[PDB]
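Take a look at the structure below.
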Amino acid sequence: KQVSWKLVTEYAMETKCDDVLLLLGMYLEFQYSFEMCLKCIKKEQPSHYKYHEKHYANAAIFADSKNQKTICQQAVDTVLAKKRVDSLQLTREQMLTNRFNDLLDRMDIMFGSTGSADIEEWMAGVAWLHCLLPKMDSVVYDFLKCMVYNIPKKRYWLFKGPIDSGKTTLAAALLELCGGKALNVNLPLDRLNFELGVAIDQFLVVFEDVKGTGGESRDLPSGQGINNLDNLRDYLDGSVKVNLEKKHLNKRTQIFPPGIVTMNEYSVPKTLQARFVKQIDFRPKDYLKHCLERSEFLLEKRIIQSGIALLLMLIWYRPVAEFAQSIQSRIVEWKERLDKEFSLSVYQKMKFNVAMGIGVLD
Amino acid sequence: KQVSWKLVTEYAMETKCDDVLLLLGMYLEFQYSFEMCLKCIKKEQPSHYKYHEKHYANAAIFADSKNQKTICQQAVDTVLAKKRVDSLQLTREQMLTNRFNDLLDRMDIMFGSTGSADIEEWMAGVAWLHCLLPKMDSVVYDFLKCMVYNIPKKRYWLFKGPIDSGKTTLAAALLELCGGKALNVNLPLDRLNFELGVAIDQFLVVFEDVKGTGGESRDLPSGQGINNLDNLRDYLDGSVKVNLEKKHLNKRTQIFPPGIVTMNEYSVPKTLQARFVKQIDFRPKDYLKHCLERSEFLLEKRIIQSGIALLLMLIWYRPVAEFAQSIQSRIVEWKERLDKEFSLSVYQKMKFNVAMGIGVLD
Amino acid sequence: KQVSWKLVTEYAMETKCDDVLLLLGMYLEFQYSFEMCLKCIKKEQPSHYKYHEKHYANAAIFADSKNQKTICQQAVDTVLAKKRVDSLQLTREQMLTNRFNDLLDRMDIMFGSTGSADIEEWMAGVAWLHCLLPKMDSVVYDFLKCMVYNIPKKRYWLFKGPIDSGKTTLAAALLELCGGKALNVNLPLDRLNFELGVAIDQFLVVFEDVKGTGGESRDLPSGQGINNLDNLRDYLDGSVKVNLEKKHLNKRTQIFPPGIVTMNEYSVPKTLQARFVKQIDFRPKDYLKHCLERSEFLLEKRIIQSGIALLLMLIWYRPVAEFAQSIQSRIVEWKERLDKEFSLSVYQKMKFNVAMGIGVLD
Amino acid sequence: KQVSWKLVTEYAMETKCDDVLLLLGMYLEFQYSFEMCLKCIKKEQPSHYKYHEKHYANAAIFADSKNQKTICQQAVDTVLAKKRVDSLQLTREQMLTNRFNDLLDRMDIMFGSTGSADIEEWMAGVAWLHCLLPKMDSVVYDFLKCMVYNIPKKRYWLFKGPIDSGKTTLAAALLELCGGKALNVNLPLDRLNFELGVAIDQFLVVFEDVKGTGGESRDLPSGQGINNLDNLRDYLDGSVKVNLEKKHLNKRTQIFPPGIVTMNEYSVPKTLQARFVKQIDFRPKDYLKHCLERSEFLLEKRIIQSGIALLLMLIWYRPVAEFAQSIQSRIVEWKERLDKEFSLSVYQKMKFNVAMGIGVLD
Amino acid sequence: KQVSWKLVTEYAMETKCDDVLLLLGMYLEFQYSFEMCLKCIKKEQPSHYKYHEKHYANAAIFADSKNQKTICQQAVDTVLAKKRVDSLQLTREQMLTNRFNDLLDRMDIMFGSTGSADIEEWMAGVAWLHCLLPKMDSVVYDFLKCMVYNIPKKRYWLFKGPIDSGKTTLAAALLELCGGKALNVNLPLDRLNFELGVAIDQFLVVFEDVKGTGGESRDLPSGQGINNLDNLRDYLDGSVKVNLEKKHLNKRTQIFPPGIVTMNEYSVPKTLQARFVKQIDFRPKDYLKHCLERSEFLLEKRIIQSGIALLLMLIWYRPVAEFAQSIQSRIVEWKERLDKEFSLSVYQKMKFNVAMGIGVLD
DNA sequence: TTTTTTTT
Ligand SMILES: Nc1ncnc2c1ncn2[C@@H]1O[C@H](COP(=O)(O)OP(=O)(O)OP(=O)(O)O)[C@@H](O)[C@H]1O
Ligand SMILES: Nc1ncnc2c1ncn2[C@@H]1O[C@H](COP(=O)(O)OP(=O)(O)OP(=O)(O)O)[C@@H](O)[C@H]1O
Ligand SMILES: Nc1ncnc2c1ncn2[C@@H]1O[C@H](COP(=O)(O)OP(=O)(O)OP(=O)(O)O)[C@@H](O)[C@H]1O
Ligand SMILES: Nc1ncnc2c1ncn2[C@@H]1O[C@H](COP(=O)(O)OP(=O)(O)OP(=O)(O)O)[C@@H](O)[C@H]1O
Ligand SMILES: Nc1ncnc2c1ncn2[C@@H]1O[C@H](COP(=O)(O)OP(=O)(O)OP(=O)(O)O)[C@@H](O)[C@H]1O
């Protein structure tokens, strides 16, 4: 009798497992009997307890195999291959619906009976976020449509403002919402070539806190970032396929994703200024600070950074009509759940608290 | 029974597939029964639904194999081999004749019954491009000849002028038409060797927005691009075969392809100026912007960036006899279909709208 | 008859052997009869004498294999895979609990009947460490809580004071207790990239001797480190993931670990001062100096460096309920053993000796 | 019939051979008739003539093998694994006995009847070394003990004196005795970090001819050695582990070995002076110079630089109990040989001769 | 039947082929019928005609093997292993013996029945060489002996003399006789250091003309040479091992090989002067150059810098006893030939023609 | 082994 490589590939597929070592370690856990498996019985990880009993017999035979790493290598390549197929064949809209399905699936667990997310704490986060900029939910919707359309040379948004104005905070949540990567371009030009490699097949990117020069007039430290970006002008325009590489990999050629740039108030060359479709100014506000001091469970649990928070904001504010047709059904059920939990006065009480700079809860 | 490596190889030829992961991913989809395959029934992409039913039998047994990446590698090698044989033995006119047939096949689908595109929106785009320069269709025909003849040291066209003059736009559609690559040479020299490795067996190349020096007087940020290019005179001249890199691969020796350079107008040292047979100077023209602004679907469907649009322009403007003889049969049908669909009065009406800067339609 | 790869993997798991050559060498030693084995009889190394009798039969066949290094590689992969699974799934409390179990095992040997270590000398160490700072045991307990909760911004501690004031001693003991790595950020700004690479998957980090500037007024050597630090606030605040690089490896994205900063008396920018929950002032007290002169076995055996010494300090001082609930049983057993061998008056006599600056033992 | 890989592995172990080509070459020699073998009959090389008979049958069958390098590679791995195990498990005192046994084996050859060397010429070297410092043999014994104990802080010895005063000579001999490496820290502070990587797993290090500053007033060339060194106190004290680089390869952590520092009479900061256990300083002496000038076979045979000479000196002067138990039997036999070979009056003549600065032999 | 790998390995040993491709090519030539092999019949190349008939049948089967390069790789390892063995066991005297034995083999066929050269051309070579300075045969024999012993400090000779004074010409020829390299030191300190690893395993080394600092006091253009050498002391003296490095590579330890310095007439500090056994001085010479101008077959066939010309010069001047004791037979055999083919009068006529500066032949 | 890193 022999290992079924097919069953391992199925496990890799259904867990979306990218890493060969993680896959290996996970699969080997199944060799003990599920019947007593404490990880199953304590329901500790779904990517274990859902699968252990199914995969058990093949795991025992796999445990004896002499090829174990080769089998995992084949499985992981299949997961990688499916991503590459999807990168070419899906519409950008349909990609976003898949991503939303996955966040909505994680939310199903978080706010379940199992798991521990207090939906009231998370809704308090939405209140604080909705304060950070005027018409916040409209701003998020405009960004999402811009990311779907990916209109050439209208692909990038610039966040400006003083330090501690929440710009990277807001960038973090958007990145989780869409999926994508942060990049640091203040590097030297040689390392920069490998830095850009991580963009491959990603949907969205964020350039974190690029440095200009001469901002030492406001005591901004100087650095290369702005000048490096103005060399990469082509990559922002997104009109033509560009060549990207990773350590020991031959290049791949694709259109470089859309995204966000964040900075303090250095001056921007006109060449680069013309690449941004929109700029947003962030400013420090005392009531947010005073509220947040009295509300630190927000930060302790990282609610304010997380794409889950933005998704809850959208579900609150936007019509069902604005979602794609497949997910509209789940959207209606979540809208139903939220309204049952929170009346508007309860939500307004929160927003009123934040504006008053008391702790969000009274 | 056992996997036919032959049938896998045949599919790779049919699809003209280079990436082993893209090949692997798509071939695996055929493992499920085509009898109900939703991708077939929704007729989503032809590279699937044409082939699924034929390959299903072999795709099933492939899904069980332990060699999968090895089989895909050999198939990918066969596709790459075909490209290298063609690269040596065909006339440049034959290569382009084959290239046109591929685009025309895509146009059969785009305006077919599946008909996802609208021929009117696409023809509106043609009017917009022909308005971009004097005698546009003549300039296109000149460029094709120059690339086909490939006269040594008379091989390169320089596009120049300010931001948003459109030079990238025009370059993009040409690159699609002829099937080249873009390259970025503003990086430092020690990275550059592997970048140029991309140009192996390519028909055409474009170097994008190569940064110069001294134009800082006009606030053009300085860079290395011009210095890098002037180190590479030989590659422009195409006078003698030169060596090209790939990671983990030994050098390939061949003549470096012809093509196009874009700049916002830094100064060009005369060693480098001597190597351009022609230069075209682009100008911002506000009424185009106003037309675009009221014609959003052009950019959103990326119409004006497509060689498909340029092919439609040539079919509208040029004599049948000017095309390579084998295609002329297809040209006649496309000319007929165009005349059937568009009255010249409609095309005149459109071009008037473009000139007026109203939205193209009325 | 065949080799059992399973038994090798089991030995590698049990020994947690990370290195293929270390694994290979030790396994081959078992091929001689354990019944006569000199290393067994001298009870020299636990990873041998516990295991020789069990694996002897398989080691005899392993000695004839032609595959030997291939067997070992698969085994080492299994141990590495287990670490990555743990890294992604354990709670930080679980991690720390495991680490303590390791130290408790090493203590059972050191103070075992075979053990070389005189528990009295190690208690003298704890008396000296407890004199280093007021409320020393409470201070340690606070630090551990802070590491396990890993609350954003509330993450970093500052050790400050003159040369030869013990800060590196305490840092090393804490780093041993928790596991982690030292980092040097006085480097020029480019090399920092690979330097930060070592933090990958670590529980804890320490920044040595960050050199300020302008402390040359106080004859302090000036250097870059302080400026390098405030340029990394996103790493310290731990609120958002960062990208980390190792030589020859693709980046991984994670929350940067919590840690400790150590310095002599440079001035600190207020922006940087805000990052730290606690600053601890170390000052030289020459009665400790005169004590070490007359208690040198502390230094010679490195007792005052050891996490083992801090663990004994916790066991002696803290209530049982404070320990991770599972291992509380082992803690009680160690408390009982300590109570048996050291009456409070014995320990307090030692502490009084240290206070007098005289030799600890009398 | 089959090659025994086991017999090759034995030969590699018995010869301590760890270059795959060196092993491969020598094993192939055994294919020819042992009975006839000229090398055996010349008794020329022990690693041959001790072995050729034993291995002859297996070497013949190995000569037909289609697989030869794989066998040698596995054998080499066995020898490297043995070193790896030993490096982590042995006591420092056992390492020294191992190192001593090796030298004693080579002396059995050199002064055996087959040996080319003259024990009287080597004994002349011992006398010249003994005159280089008062109580030379006690100095050497103290130094060795210090390295074996490796007591923290009490780890480093300083050699001072004019050029051509022998400090390099003695350091080289000690380093040949114990094993270790030299280092140069006159470098700038960037290159330094790769330079220290040399020390990994070494038993000793030596710092060669560090340059101070302002020694130019004594014509001593200035340099950064001392300033670099005074910043490394944590490496010297040996009280905690440190991180060590290598080019390309990844970082490593260990205690920095004990060692020796050598210089001309620059000043030293008191901060650095406190690092040293023992300042030894060298005068040039004319009679040593004149004696060398009349006994140049010493230099020509490189006797006075050799660790063999130091071992001979220890045997001549030290009590047997000062040697570790295992070697004491060989020590007794060598003492007895030496007593038989030199009556004390011979040695007294040699010493008194050197005191007259005439050539050692008369 | 099947390929004998053994026969291939014998041929590689007998022909001392280092290169896998060269081996493969030549062995394939044997596949055609030896019984009428036209290359054999033309007696073109001993490496073929001496072996074809013997290897014929095996070469036929070799041509049908599917595995050919694998056979050749193992055979090439056998030859490289033989070098690695000898490189670590022979005396320098034996090494030179082999080196001469090789050149005498070349000499045997060079003027064999193929008549492929005329000795008189080389006698004119020898004649011109002996004119270069006094007693040139003795200078060779002495320098040769000097390098064979490699006695410490007594290791370096200095070649003074202007541009185009022949010092380079001489050393290049003498390196053919011995084997070794030339090196440069007129270097910035990085490059100075990274040259040094080239010396690894060199039997002998040379310095290319050292452009000593401030030679422009003599109008000699200069760089770092002098003080670099004066500070690189011990490398000259060869007293103790030194560790040597080249770019990216690791260091390795040996005694630094002996050698010679070429210099134009720069300044020397007596410190650096003291490092040398001999000063020699050079010039272009006017009869000699007018002879070269008239004797150009010497330069055309490279005779005047062949080591073969030095070998012949020794065989002419030096008695048989001065040569390696087994090789002395061949010395007699070649003395016979030259003493037969040339009277001393024809040698005197040639030498007299050099003395007149007239074309050596008359 | 190349590559990446070292080297620059
Ligand atoms: N608009 C704001 N007004 C006041 N406090 C703010 C504001 N935004 C953020 N904060 C506080 O400042 C902290 C840092 O926020 P954040 O990191 O997003 O700032 P940033 O200016 O965007 O930073 P950086 O430029 O370094 O990425 C937050 O955790 C919160 O405590
Ligand atoms: N001639 C033009 N007049 C007005 N608008 C133009 C013109 N050409 C292009 N545009 C607008 O400018 C946008 C960018 O065009 P494009 O990138 O081709 O210009 P470019 O001159 O090559 O710029 P750059 O050098 O900055 O990349 C187009 O998408 C279109 O909206
Ligand atoms: N409080 C103290 N009073 C006096 N001596 C002390 C005190 N603490 C430490 N020592 C002495 O200082 C020596 C060095 O300690 P340690 O390495 O921790 O100092 P440090 O100030 O943290 O040094 P560095 O900043 O150089 O790493 C100890 O071995 C001990 O001899
Ligand atoms: N005590 C001495 N008196 C006189 N000459 C000496 C003495 N010791 C060594 N020599 C001579 O000095 C030569 C060099 O010795 P060595 O390299 O050990 O000296 P050093 O003091 O370490 O020199 P440097 O500082 O130049 O490296 C020896 O080979 C010997 O010829
Ligand atoms: N004594 C000589 N008589 C005639 N020609 C000579 C003599 N010396 C050198 N030349 C000519 O000059 C050429 C260059 O010689 P070589 O390079 O050996 O000289 P060099 O002194 O080392 O030169 P440089 O110092 O300029 O590098 C010789 O090959 C020869 O053609």
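Naming works like this for the structure tokens: A, B, ... for the chains as they're shown, residue 1 at the start of each chain, ligands 1 onward in shown order.
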
Identical-sequence pair chain B and chain C: C-alpha RMSD when superposed in order: 1.5 Å

What lies within 12 Å of residue 351 (chain E) using only C-alpha atoms (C1' of nucleotides), ignoring chain neighbours under 4 positions off, as an MDAnalysis selection string? chainID E and resid 123:132 287:288 291 344:347 355:362

If you take only C-alpha atoms and all ligand atoms and a cut-off of 6 Å, which residues of chain A touch ligand 1, and what are their nearest atom pairs and distances in Å to one decimal, in chain and number order, as JSON lines?
```
{"residue": "A:162", "atom": "CA", "partner": "ligand 1", "partner_atom_place_in_ligand_line": "21 (O)", "distance": 5.7}
{"residue": "A:163", "atom": "CA", "partner": "ligand 1", "partner_atom_place_in_ligand_line": "21 (O)", "distance": 3.5}
{"residue": "A:164", "atom": "CA", "partner": "ligand 1", "partner_atom_place_in_ligand_line": "21 (O)", "distance": 3.3}
{"residue": "A:165", "atom": "CA", "partner": "ligand 1", "partner_atom_place_in_ligand_line": "8 (N)", "distance": 3.6}
{"residue": "A:166", "atom": "CA", "partner": "ligand 1", "partner_atom_place_in_ligand_line": "18 (O)", "distance": 3.1}
{"residue": "A:167", "atom": "CA", "partner": "ligand 1", "partner_atom_place_in_ligand_line": "22 (O)", "distance": 3.2}
{"residue": "A:168", "atom": "CA", "partner": "ligand 1", "partner_atom_place_in_ligand_line": "22 (O)", "distance": 4.0}
{"residue": "A:169", "atom": "CA", "partner": "ligand 1", "partner_atom_place_in_ligand_line": "18 (O)", "distance": 3.6}
{"residue": "A:209", "atom": "CA", "partner": "ligand 1", "partner_atom_place_in_ligand_line": "25 (O)", "distance": 5.7}
{"residue": "A:283", "atom": "CA", "partner": "ligand 1", "partner_atom_place_in_ligand_line": "1 (N)", "distance": 5.1}
{"residue": "A:284", "atom": "CA", "partner": "ligand 1", "partner_atom_place_in_ligand_line": "3 (N)", "distance": 3.4}
{"residue": "A:285", "atom": "CA", "partner": "ligand 1", "partner_atom_place_in_ligand_line": "3 (N)", "distance": 4.0}
{"residue": "A:286", "atom": "CA", "partner": "ligand 1", "partner_atom_place_in_ligand_line": "4 (C)", "distance": 5.9}
{"residue": "A:288", "atom": "CA", "partner": "ligand 1", "partner_atom_place_in_ligand_line": "4 (C)", "distance": 5.5}
{"residue": "A:289", "atom": "CA", "partner": "ligand 1", "partner_atom_place_in_ligand_line": "5 (N)", "distance": 4.9}
```

Dump as a PDB file, in the first residue's frame, selection limited to C-alpha atoms:
```pdb
ATOM      1  CA  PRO A 162       2.387  65.298  10.633  1.00  0.00           C
ATOM      2  CA  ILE A 163       3.796  62.331  12.467  1.00  0.00           C
ATOM      3  CA  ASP A 164       1.188  60.521  14.598  1.00  0.00           C
ATOM      4  CA  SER A 165      -1.673  61.503  12.286  1.00  0.00           C
ATOM      5  CA  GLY A 166      -2.865  57.961  11.648  1.00  0.00           C
ATOM      6  CA  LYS A 167      -1.706  57.646   8.057  1.00  0.00           C
ATOM      7  CA  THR A 168       0.049  54.298   8.486  1.00  0.00           C
ATOM      8  CA  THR A 169      -2.836  53.216  10.730  1.00  0.00           C
ATOM      9  CA  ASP A 209       6.925  56.752   4.895  1.00  0.00           C
ATOM     10  CA  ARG A 283      -3.908  66.125  11.047  1.00  0.00           C
ATOM     11  CA  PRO A 284      -3.467  65.444  14.779  1.00  0.00           C
ATOM     12  CA  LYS A 285      -6.611  65.856  16.867  1.00  0.00           C
ATOM     13  CA  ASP A 286      -6.760  66.117  20.641  1.00  0.00           C
ATOM     14  CA  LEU A 288      -8.980  61.353  19.364  1.00  0.00           C
ATOM     15  CA  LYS A 289      -5.945  61.283  21.637  1.00  0.00           C
TER      16      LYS A 289
END
```

Where does DSSP see helix (DSSP H, G or I) in region 108-319 of chain B, if you list the residues as number ranges by chain? B: 108-110, 119-132, 136-149, 167-178, 189-199, 215-218, 225-230, 233-237, 270-273, 286-293, 297-300, 303-305, 307-317

Name the residues in contact with region 1-7 of chain F at a cut-off of 12 Å, using only C-alpha atoms (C1' of nucleotides), excluding same-chain residues fewer than 6 positions from it; report them as an MDAnalysis selection string. (chainID A and resid 190:191 194 246:250) or (chainID B and resid 190 246:250) or (chainID C and resid 191 194 246:250) or (chainID D and resid 191 194 246:250) or (chainID E and resid 190:191 194 246:250)

For those residues, write N, CA, C and O atoms to a file as a CSV table (one decimal), in the first residue's frame.
```csv
chain,number,residue,atom,x,y,z
A,190,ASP,N,21.1,49.4,-4.9
A,190,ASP,CA,21.3,48.0,-5.2
A,190,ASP,C,20.3,47.1,-4.5
A,190,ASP,O,19.8,46.2,-5.2
A,191,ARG,N,20.1,47.3,-3.2
A,191,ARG,CA,19.1,46.4,-2.5
A,191,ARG,C,17.7,46.6,-3.1
A,191,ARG,O,16.9,45.7,-3.1
A,194,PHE,N,16.0,43.9,-5.3
A,194,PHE,CA,15.3,42.8,-4.7
A,194,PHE,C,14.1,43.2,-3.9
A,194,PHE,O,13.1,42.5,-3.7
A,246,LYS,N,13.1,37.9,-7.9
A,246,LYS,CA,13.4,37.5,-6.5
A,246,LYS,C,14.7,36.7,-6.5
A,246,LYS,O,15.2,36.3,-7.5
A,247,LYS,N,15.3,36.6,-5.2
A,247,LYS,CA,16.5,35.9,-5.1
A,247,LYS,C,16.5,34.5,-5.7
A,247,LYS,O,15.6,33.7,-5.5
A,248,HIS,N,17.5,34.2,-6.6
A,248,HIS,CA,17.6,33.0,-7.4
A,248,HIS,C,16.5,32.7,-8.3
A,248,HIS,O,16.4,31.6,-8.9
A,249,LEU,N,15.5,33.6,-8.6
A,249,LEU,CA,14.5,33.4,-9.6
A,249,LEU,C,14.7,34.2,-10.8
A,249,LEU,O,15.0,35.4,-10.7
A,250,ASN,N,14.5,33.6,-12.0
A,250,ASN,CA,14.4,34.4,-13.2
A,250,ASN,C,13.2,35.3,-13.2
A,250,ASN,O,12.2,35.1,-12.6
B,190,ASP,N,25.6,47.3,-12.3
B,190,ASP,CA,25.8,46.0,-11.9
B,190,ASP,C,24.5,45.1,-11.9
B,190,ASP,O,24.5,43.9,-11.9
B,246,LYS,N,21.1,35.1,-18.5
B,246,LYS,CA,19.9,34.7,-17.6
B,246,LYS,C,20.4,34.0,-16.4
B,246,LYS,O,21.5,33.5,-16.4
B,247,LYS,N,19.6,34.1,-15.3
B,247,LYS,CA,20.1,33.4,-14.1
B,247,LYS,C,20.2,31.9,-14.3
B,247,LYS,O,19.3,31.3,-14.9
B,248,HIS,N,21.3,31.4,-13.8
B,248,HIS,CA,21.7,30.0,-13.9
B,248,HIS,C,21.8,29.5,-15.4
B,248,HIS,O,21.9,28.3,-15.7
B,249,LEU,N,21.9,30.4,-16.3
B,249,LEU,CA,22.0,30.1,-17.8
B,249,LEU,C,23.3,30.7,-18.3
B,249,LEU,O,23.6,31.9,-17.9
B,250,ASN,N,24.0,30.0,-19.2
B,250,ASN,CA,25.1,30.6,-19.9
B,250,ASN,C,24.6,31.6,-20.9
B,250,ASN,O,23.5,31.7,-21.3
C,191,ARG,N,24.0,48.5,6.3
C,191,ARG,CA,24.2,47.2,6.9
C,191,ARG,C,23.1,46.8,7.8
C,191,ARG,O,22.9,45.6,8.0
C,194,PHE,N,20.6,43.5,6.9
C,194,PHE,CA,20.9,42.1,7.3
C,194,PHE,C,20.9,42.0,8.8
C,194,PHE,O,20.6,40.9,9.3
C,246,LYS,N,17.0,37.7,5.5
C,246,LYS,CA,18.2,37.0,5.8
C,246,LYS,C,19.0,36.8,4.5
C,246,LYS,O,18.4,36.7,3.4
C,247,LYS,N,20.3,36.7,4.7
C,247,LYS,CA,21.2,36.4,3.6
C,247,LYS,C,20.7,35.2,2.8
C,247,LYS,O,20.5,34.1,3.4
C,248,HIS,N,20.6,35.3,1.5
C,248,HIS,CA,20.0,34.3,0.5
C,248,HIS,C,18.6,33.9,0.7
C,248,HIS,O,18.2,32.9,0.1
C,249,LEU,N,17.8,34.6,1.6
C,249,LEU,CA,16.4,34.2,1.8
C,249,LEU,C,15.4,35.3,1.5
C,249,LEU,O,15.7,36.5,1.7
C,250,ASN,N,14.3,34.9,0.9
C,250,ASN,CA,13.2,35.8,0.7
C,250,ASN,C,12.7,36.4,2.0
C,250,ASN,O,12.8,35.8,3.1
D,191,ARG,N,35.4,46.9,8.0
D,191,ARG,CA,35.9,45.6,7.6
D,191,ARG,C,36.1,44.7,8.9
D,191,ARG,O,36.0,43.5,8.8
D,194,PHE,N,33.7,41.4,9.7
D,194,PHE,CA,34.1,40.2,9.0
D,194,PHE,C,35.4,39.6,9.4
D,194,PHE,O,35.6,38.4,9.4
D,246,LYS,N,30.4,35.7,9.0
D,246,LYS,CA,31.3,35.2,8.0
D,246,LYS,C,30.8,35.8,6.7
D,246,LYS,O,29.6,36.1,6.5
D,247,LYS,N,31.7,35.9,5.7
D,247,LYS,CA,31.3,36.4,4.4
D,247,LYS,C,30.2,35.5,3.8
D,247,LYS,O,30.4,34.3,3.8
D,248,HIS,N,29.2,36.1,3.2
D,248,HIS,CA,28.0,35.4,2.7
D,248,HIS,C,27.2,34.6,3.8
D,248,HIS,O,26.0,34.7,4.0
D,249,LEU,N,28.0,33.7,4.5
D,249,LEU,CA,27.3,32.8,5.4
D,249,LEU,C,26.6,33.5,6.6
D,249,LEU,O,26.9,34.7,6.8
D,250,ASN,N,25.7,32.8,7.3
D,250,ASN,CA,24.9,33.4,8.3
D,250,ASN,C,25.7,33.6,9.6
D,250,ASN,O,26.8,33.0,9.9
E,190,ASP,N,43.2,48.1,-0.1
E,190,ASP,CA,42.3,47.0,-0.5
E,190,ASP,C,42.9,46.1,-1.5
E,190,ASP,O,43.0,44.8,-1.3
E,191,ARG,N,43.3,46.6,-2.6
E,191,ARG,CA,43.8,45.8,-3.7
E,191,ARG,C,45.1,45.1,-3.3
E,191,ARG,O,45.3,43.9,-3.7
E,194,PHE,N,44.0,42.0,-1.4
E,194,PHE,CA,43.2,41.0,-2.2
E,194,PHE,C,44.1,40.4,-3.3
E,194,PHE,O,43.7,39.4,-3.8
E,246,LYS,N,41.7,36.5,-1.3
E,246,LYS,CA,41.4,37.1,-2.6
E,246,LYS,C,39.9,37.2,-2.6
E,246,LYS,O,39.1,36.6,-1.9
E,247,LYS,N,39.4,38.2,-3.5
E,247,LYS,CA,38.1,38.7,-3.4
E,247,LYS,C,37.0,37.6,-3.3
E,247,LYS,O,37.1,36.6,-3.9
E,248,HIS,N,36.0,37.9,-2.4
E,248,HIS,CA,35.0,37.0,-2.0
E,248,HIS,C,35.5,35.7,-1.3
E,248,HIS,O,34.8,35.2,-0.4
E,249,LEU,N,36.6,35.2,-1.8
E,249,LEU,CA,37.1,33.9,-1.3
E,249,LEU,C,37.4,34.0,0.2
E,249,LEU,O,37.6,35.1,0.8
E,250,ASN,N,37.5,32.8,0.9
E,250,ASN,CA,38.1,32.7,2.2
E,250,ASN,C,39.6,32.9,2.2
E,250,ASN,O,40.2,32.9,1.2
```
